[PDB]
Amino acid sequence: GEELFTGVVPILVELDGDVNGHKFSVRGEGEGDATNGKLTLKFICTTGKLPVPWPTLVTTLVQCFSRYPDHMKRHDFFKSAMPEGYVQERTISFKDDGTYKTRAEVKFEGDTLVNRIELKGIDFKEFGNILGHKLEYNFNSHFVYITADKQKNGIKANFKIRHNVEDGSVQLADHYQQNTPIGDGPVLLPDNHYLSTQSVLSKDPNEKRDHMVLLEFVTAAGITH
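All residue numbers start from 1 on each chain and follow the order of its written sequence rather than the entry's numbering, and residues without coordinates are excluded. Here the side-chain values reflect all heavy atoms present in the structure, with hydrogen atoms and water set aside. Residues with missing side-chain atoms are left out of burial classes, side-chain pairs and their counts.

Going by what the PDB entry lists, the chain is known as Green fluorescent protein and is assigned to Aequorea victoria. Of the comments in the UniProt record for the chain, the one headed Sequence similarities (unreviewed entry) reads "Belongs to the GFP family." UniProt positions are given in the numbering used here, feature names are shortened, and annotations may be inferred rather than shown by experiment.

Written as C-alpha cells, this is what we have:
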C-alpha cells in the first residue's frame, strides 16, 4: 500500500465544477513525492477563464502524498486504501458567502494517481469575495485534523482555510471532510493526528491559458513517539 509511494508518482487531477451556474473544468498534471511530502502540479482551466479564484479550488484539487514519519506509519489511511483508492467528500462553507460541495474519487490508474472531482457551488454573492475575484493570489498554511470514522471504515477532518482578501482582511472557508475506502479490503484507521500543510502558488510565464502552478509540502504530526 505505502509501497506504491516510495518513488516519484505521476498525478492527474480532473475537476468539473458548477458555481452559481458558471460551468467550468480544470485539468492538472504533475508529480508527487510522498517520501518528502511534496507535490508539484500545473493546473489549467480548460473551459476559458476560471469563474472563481484559484485559491478556493486548492484544497479540492491528494493527501496520500502526505509524508508520515516512521513512527506514525500505522495512521496513514490514505496510502492504505491504495491502489483501489478512496472517496473524498467535502462541504466547504465560505463565511458570509456560498458553499462548495465536492465529491472526489482518488485512486491509481496504471502508474498514475488520479483525483477525479465533481464540484457544486451554490449561493455565492456576486460581488462577494469569490465571484468578485477579491482574493489574493496566494495560499496560507494550515493544520488538517484527522479522526477515525469507525462505522464508515474511514476518516473525517475539520479545518478552517484562511484566504487572504485584497483589502488586507481574511475570508474563512470552513471545510468538513469524509474519506471512505473504495473497495472492501482492509485499511488503517488512525488515532487522532494532523497534517501540516504549506503551499506556494505561482504562474508559468509562457502559459496563456488561465492556470495555477502549485507546490505543496505536507507532514503528518500530533502523535507523540
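Attention now goes to the packing of aromatic side chains. Note on ring pairs: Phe, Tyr and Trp rings are taken, using the six-membered ring of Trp, and paired if centres are within 6.5 Å. Classes follow the plane angle, with under 30 degrees stacked, over 60 edge-to-face and the rest tilted. Enumeration according to the criterion identifies eleven aromatic pairs in this entry. Plain terms: the ring middles of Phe-94 and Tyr-100 are 4.9 Å apart, the flat faces sit at 75 degrees to each other, and that makes the pair edge-to-face. Burial classes: relative accessible area under 20% of the type maximum marks a residue as buried, over 50% as exposed, and values in between as partly exposed (1.4 Å probe, protein chains only). Overall, the relative accessible area of 3% leaves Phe-94 in the buried class. Here the aromatic rings of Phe-94 and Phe-124 are separated by 5.6 Å at their centres, their planes lie at 65 degrees, and the arrangement is edge-to-face. Here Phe-124 lies in the loop between β6 (112-122) and β7 (142-149) and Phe-94 lies in strand β4 (residues 86-94), a separation of 30 residues in the sequence. Judged on exposure class, the residue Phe-94 and its partner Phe-124 are both buried. In this structure an aromatic cluster arises from ring pairing among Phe-5, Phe-65 and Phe-108. Here, a charge over a ring is recorded when the distance from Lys NZ or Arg CZ to the ring centre is within 6 Å and its angle to the ring normal is within 35 degrees. The ring of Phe-5 is capped by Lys-79, whose NZ or CZ atom sits 5.6 Å from the centre of that ring. Only DSSP runs of H or I reaching four residues or more are called helices, and only runs of E reaching two or more are called strands; each is numbered from the N terminus.

Residues in a regular strand point their side chains to alternate faces of the sheet. Pairing geometry for β7 and strand β10 (residues 193-202), over five bridges, is antiparallel. Bridged to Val-144 within β10 is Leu-195. Bridging between β7 and strand β8 (residues 154-164) involves five bridges; their strand directions are antiparallel. Across the sheet, residue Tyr-145 finds its bridge partner in β8, namely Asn-158. One requirement defines pairing of two strands: DSSP has to find at least two bridges between them.

All right, on to the pairing of strand β2 (residues 22-33) then. In the sheet, strand β1 (residues 9-19) pairs with β2 via eleven bridges, with the strands oriented antiparallel. By the bridge assignment for β2, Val-9 is matched with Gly-32. The hairpin formed by β1 and β2 contains two residues between the paired strands, and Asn-20 there has a positive phi angle of roughly 45 degrees. Pairing geometry for β2 and strand β3 (residues 38-45), over eight bridges, is antiparallel. Its bridge partner being in β3, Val-26 is matched across the sheet by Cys-45.

This paragraph deals with the environment of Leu-41. Looking at the element boundaries, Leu-41 is found in strand β3. Along the primary structure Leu-41 and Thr-59 are separated by 18 residues, whereas in three dimensions their C-alpha atoms are 13 Å apart. With sequence-adjacent residues up to four places away left out, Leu-41 is seen in contact with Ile-11, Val-13, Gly-28, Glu-29, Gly-30, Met-212, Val-213 and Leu-214. Should any heavy atoms of two residues lie within 4.5 Å, those residues are counted as being in contact.

This next bit is on the sheet that holds β2. With mixed pairing, the eleven strands of this closed barrel are ordered in space as β1-β2-β3-β11-β10-β7-β8-β9-β4-β5-β6. Ignoring which end each strand starts from, the neighbouring axes of this sheet average 20 degrees apart. The pairing of β4 with strand β9 (residues 170-181) spans nine bridges and is classified as antiparallel. The partner of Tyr-86 across the bridge, within β9, is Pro-181. To obtain an axis, a line is fitted to C-alpha atoms, over the contacting stretch when the element is a helix, and the angle between two such axes runs from 0 to 180 degrees between their N-to-C directions.

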